[PDB]
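First up is the structure itself, then whatever we jot down about it.
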Amino acid sequence: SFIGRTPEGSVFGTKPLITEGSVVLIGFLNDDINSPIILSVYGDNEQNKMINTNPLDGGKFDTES
Amino acid sequence: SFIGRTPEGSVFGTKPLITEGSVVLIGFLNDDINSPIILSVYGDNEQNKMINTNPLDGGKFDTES
Amino acid sequence: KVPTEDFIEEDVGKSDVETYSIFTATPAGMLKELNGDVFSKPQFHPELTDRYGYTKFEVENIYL
Amino acid sequence: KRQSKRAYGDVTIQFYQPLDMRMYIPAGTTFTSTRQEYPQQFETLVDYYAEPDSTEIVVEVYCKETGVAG
Amino acid sequence: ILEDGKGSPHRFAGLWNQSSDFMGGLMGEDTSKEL
């Protein structure tokens, strides 16, 4: 999320939760294999459907309702 | 994190903390140099080791302990 | 060994097609300067770089 | 003698919410059935405007193919 | 033409400068807007 150091010298940052068996997008440095980095974590369609309480199928976000 | 505008018109969003001297991954638009964007912020191995209280060296996430 | 007595035709000469000044052998490309130990350690001659300045030659070695 | 006669009928458009503006469908908008056993297409011939704060509308569609498949 | 490097007078044709700004509505974009 964010990481840095204060003028005093003390280090601050975050440790976002890490999960096994999750799908992660990867971008190689200079398009070299054997140079991986994780960009973000994307869940499955079922998992996303389970963890949302929105009953609307669709509709423009600008509608009041 | 997220940004948008409400139907009333008022703008809402977030301002995540920004730190100097942090390492950031960059993805150029249409693979053109002179077209940068920051994708995410990754910390150093020492920094990550300092900001975590997990003593376990390793192990499957499915274990209760 | 081979003497001139077996030579039918020859086409041999100098060339400046290959020319580099700095040579280095980076380790396997996962290791990267902003997140770990020493990245690289090149070598150059001071007289050589006058004619061809800062001409680098890089090779990744999977082994190291 | 009468030639091949087009197939036509009516369809119901259903909106997510009641409508917010006097939105419009142009003539010659296509309608297709997702079923693999009826791949025939349909198209409209006259425009329609949907009235604001409406929720459904009935429009007529005419079948490009002519025969039994319509 | 040789005089003063004039060259060919047809080089600057009638389409050299006559033109106009580019926008849609020329093909396919205008057919839906015939209200």
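Every chain in the structure tokens takes a letter, A first, then B, and so on in the order presented; its residues are numbered from 1, and the ligands are numbered from 1 following the presented order.
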
**OP:** Taking the chain letters and numbering used in this document, name the residues of chain A that DSSP puts in helix (DSSP H, G or I), as a ChimeraX atom specification.
**Re:** /A:29-31,45-50

**OP:** Fewer than 2 positions away in the same chain doesn't count, so skip those; otherwise give me all residues within 10 Å of residue 52 in chain B, counting only C-alpha atoms, as a PyMOL selection string.
**Re:** (chain A and resi 13-15) or (chain B and resi 47-50+54-55)

**OP:** Compile the contact shell of residue 43 in chain C as a PyMOL selection string: residues with an atom at most 8 Å away, counting only C-alpha atoms, same-chain residues fewer than 5 positions apart removed.
**Re:** chain C and resi 22-24

Once you have the residues from the selection above, write them out as a short mmCIF file (atom, residue, chain, number, x, y, z; two decimals), in the first residue's frame, restricted to N, CA, C and O atoms.
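out_24.cif written:
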data_model
loop_
_atom_site.label_atom_id
_atom_site.label_comp_id
_atom_site.auth_asym_id
_atom_site.auth_seq_id
_atom_site.Cartn_x
_atom_site.Cartn_y
_atom_site.Cartn_z
N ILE C 22 33.40 -1.48 -22.52
CA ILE C 22 33.06 -1.96 -21.18
C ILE C 22 32.47 -3.35 -21.32
O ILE C 22 31.55 -3.57 -22.12
N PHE C 23 32.98 -4.29 -20.52
CA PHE C 23 32.52 -5.67 -20.52
C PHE C 23 32.10 -6.07 -19.12
O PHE C 23 32.78 -5.75 -18.14
N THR C 24 30.97 -6.77 -19.02
CA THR C 24 30.43 -7.17 -17.73
C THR C 24 29.63 -8.45 -17.91
O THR C 24 29.14 -8.74 -19.01
#

**OP:** Would you return as a PyMOL selection string the members of range 14-61 of chain C that DSSP assigns to strand (DSSP E) on this structure's backbone?
**Re:** chain C and resi 22-27+56-61

**OP:** Excluding residue 23 in chain A and residues on its chain fewer than 2 positions from it, collect all residues at most 8 Å away from it, counting only C-alpha atoms, and give them as JSON, numbers by chain.
**Re:** {"A": [21, 25, 41, 42, 43, 44]}

Original post:
With only C-alpha atoms as the atoms that count, which of D:68, D:57, D:21, D:7 lies nearest to residue 42 in chain D?
Top reply: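 So, comparing all the options, the nearest one is D:7.
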
Subject >> Length of the CA of residue 52 in chain D to CA of residue 19 in chain D vector [Å] >> reply: 5.3 Å

Within 9 Å of chain D: each chain A residue with its shortest pair, only C-alpha atoms, as a Markdown table:
| residue | atom | partner | partner_atom | distance |
| --- | --- | --- | --- | --- |
| A:56 | CA | D:16 | CA | 8.0 |
| A:57 | CA | D:16 | CA | 7.5 |
| A:58 | CA | D:16 | CA | 6.3 |
| A:59 | CA | D:16 | CA | 5.6 |
| A:60 | CA | D:16 | CA | 8.8 |
| A:63 | CA | D:20 | CA | 8.2 |
| A:65 | CA | D:17 | CA | 8.3 |

Could you build a table of the residues in chain E lying no more than 12 Å from chain D, giving for each the nearest pair of atoms and their separation in Å rounded to one decimal place, using only C-alpha atoms, ordered by chain and ascending residue number, as a tab-separated table?
residue	atom	partner	partner_atom	distance
E:30	CA	D:26	CA	11.5
E:31	CA	D:26	CA	8.9
E:32	CA	D:26	CA	5.9
E:33	CA	D:26	CA	7.9
E:34	CA	D:26	CA	8.4
E:35	CA	D:26	CA	8.1

With N, CA and C atoms retained, write the just-selected residues as a PDB file, in the first residue's frame.
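Output below, filename part.pdb:
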ATOM      1  N   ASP E  30     -23.171   8.984 -38.970  1.00  0.00           N
ATOM      2  CA  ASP E  30     -24.326   9.846 -39.190  1.00  0.00           C
ATOM      3  C   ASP E  30     -25.629   9.087 -39.430  1.00  0.00           C
ATOM      4  N   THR E  31     -25.569   7.783 -39.709  1.00  0.00           N
ATOM      5  CA  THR E  31     -26.761   7.050 -40.134  1.00  0.00           C
ATOM      6  C   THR E  31     -27.729   6.852 -38.974  1.00  0.00           C
ATOM      7  N   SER E  32     -27.217   6.730 -37.748  1.00  0.00           N
ATOM      8  CA  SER E  32     -28.073   6.593 -36.580  1.00  0.00           C
ATOM      9  C   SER E  32     -28.698   7.918 -36.136  1.00  0.00           C
ATOM     10  N   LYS E  33     -28.123   9.067 -36.515  1.00  0.00           N
ATOM     11  CA  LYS E  33     -28.582  10.364 -36.015  1.00  0.00           C
ATOM     12  C   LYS E  33     -29.606  11.040 -36.932  1.00  0.00           C
ATOM     13  N   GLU E  34     -30.191  10.306 -37.879  1.00  0.00           N
ATOM     14  CA  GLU E  34     -31.244  10.850 -38.738  1.00  0.00           C
ATOM     15  C   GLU E  34     -32.585  10.749 -38.012  1.00  0.00           C
ATOM     16  N   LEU E  35     -32.743  11.615 -37.019  1.00  0.00           N
ATOM     17  CA  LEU E  35     -33.977  11.669 -36.252  1.00  0.00           C
ATOM     18  C   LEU E  35     -35.073  12.377 -37.043  1.00  0.00           C
TER      19      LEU E  35
END

Subject >> 9 Å contact set for range 30-40 of chain B, only C-alpha atoms, chain neighbours under 5 positions out, as an NGL selection string >> reply: (:A and (1-2 or 39-40)) or (:B and (23-25))

**OP:** Using CA of residue 29 in chain A and CA of residue 61 in chain B as the two end points, give the distance in Å to one decimal.
**Re:** 28.2 Å

Subject >> A:5, A:18, A:45, A:28 ranked by distance to chain C, top pick (using only C-alpha atoms) >> reply: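 Answer, going by the shortest atom-to-atom distance: A:28.
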